[PDB]
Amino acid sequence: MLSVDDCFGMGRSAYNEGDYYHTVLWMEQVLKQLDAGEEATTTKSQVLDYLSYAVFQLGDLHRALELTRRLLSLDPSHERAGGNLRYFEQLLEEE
């Protein structure tokens, strides 16, 4: 009985406290519901923005990259996606 937008608010709250582990769980739930077709004012792009960053803070560069690429595909002029993609691709070369 939490709406899509309620779950996004929960994940944003957790993110603002630096709780990236629970940010991921909340944002994955939001994204699941959006990808299933449910209505909301929150956009897929907004979710992928927080999700990719929290995943990165947890240390998963490959998943942060994949999420950032999806974010950019849906939001080419996004404030952060393009710059994060460049940075993440750099970190990939340290492998």
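The term rigid core refers to the most C-alpha atoms you can superpose between the two forms while keeping them within 1.5 Å. One-based numbering along the sequence shown.
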**Message:** Please tell me which region, 10 to 18 or 71 to 79, has C-alphas lying farther from the displayed form on average in 5 other deposited structures of this protein, with superposition done on the core.
**Reply:** 71 to 79
**Request:** After fitting on the rigid core, pick out whichever of 31 to 39 or 59 to 67 shows the bigger RMS C-alpha deviation in 5 other deposited structures of this protein.
**Result:** 31 to 39
**Asked** On average, are the C-alpha B-factors higher in 82 to 90 or in 11 to 19?
**Response** 82 to 90
**Item:** Entry-level comparison of average CA B-factors, 45 to 53 and 29 to 37, reporting the higher stretch
**Value:** 29 to 37
